[PDB]
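Form deposited in one PDB entry, single chain, as structure tokens, below.
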């Protein structure tokens, strides 16, 4: 304790520059009455060695008031593969937020950020492919290729194989990407093999009447990796030609990191779509327990997700940057990735075509995947035209064209104006004037 796991004269800058320590930031409160630096010596020790050769997890800073504890964890602490040489997220959480999360002399404790040094960062998988792979299928520039418009298949469950394939076919006449909702698997009333053979078919017909390549994200989530692998393999070989048009969804939260690592290493040539199925209590309203969505997501790039459900509503734009850039500033630490492929944000929502440009402007790009509600798709003409206006709104954004001038020569974007006339004045006044009328 105290003199053992507390070294408050440590410059965080030295530590970063040393490159031998992982640093963590938490917002923990010592139970009723307990010393502030004493508890943090204790939370450090339980995290560290129990009962000093740089095996000790030092407390380089505390901010009694703000309830801010920063701890430096030597990189040698962290387990590594016997096989690979490779680091693991399982170790990382075990040390960092393992049953230090269960103590009895700490009200609550939540990790807010973490720094990973080069020696350590580099032993991790990182993403194998991203949006970039999606773009190249879609015949877009692999660098800054833009917006990929998607839905989820509402209802979430209860559609037989054909109804389901037909919902897919239908949607792909406007849109680019469909993704199996969260529990869609191998229910008795709509078997995986029957559905995925049918859905395979719907791609062919959609592609052929459209002339555009279409995208599908199939969950292969399962308890057993060989089952996860079983699916990966039956899906990719049933899409055959269109094997590279399939993304593999794995509910990484609710099935653990071994599930995420199974697809990542098994199928490294396909987009690994990480569902954030239901963080809740951990990544929350400020569940004073576990970690935040910033950290959950930052952790996934290191793990190897290609894309991950990220945000709708300091922000999920901060998360976005940390995930996609080579240098990103988090709430407490600035991180470099020394050329580690980015993980594509998958925004959920449904802006609409007139609000779409707004989104892209604050973010600074449109290199996301949008899994829009059947709401973002609402239009007076429909979801085929709803989805087309979304596409149309990216091109005018991209190209620099005033939307309204572009709308004039673009039907569905034009008909959108009128589809949400309430938002048009607000955002863009005189639209009718320019013609809508």
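Numbering follows the first chain given and starts at 1. What we label the rigid core is the largest C-alpha set whose atoms superpose within 1.5 Å from one form to the other.
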*Does residue 207, which is modelled here, drop out in at least a third of the other compared PDB entries?*
no
_Would you say residue 313 is commonly dropped, meaning unmodelled in a third or more of the other compared entries that have residues on each side of it?_
yes
_Deposited-sequence gap flanked by residue 313 and residue 314_ = 4 to 9
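We do not show the form deposited in another entry, though everything after this point is about it.
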*Of 60, 26, 397, 377, only one moves its C-alpha by 2 angstroms or more between the shown form and the other one once the rigid core is aligned, so tell me which.*
377
*asked:* Given a superposition on the rigid core, I'd like a yes or no on whether residue 418 shifts its C-alpha by 2 Å or more between the shown form and the other one.
replied: yes
*Do residue 390 and residue 377 have their C-alpha atoms closer or farther apart in that other deposited form than here, with the shift being 3 angstroms or more?*
farther
*Is the CA-CA spacing of residue 166 and residue 376 tighter or wider in that other deposited form than here, given a 3 Å or more change?*
closer
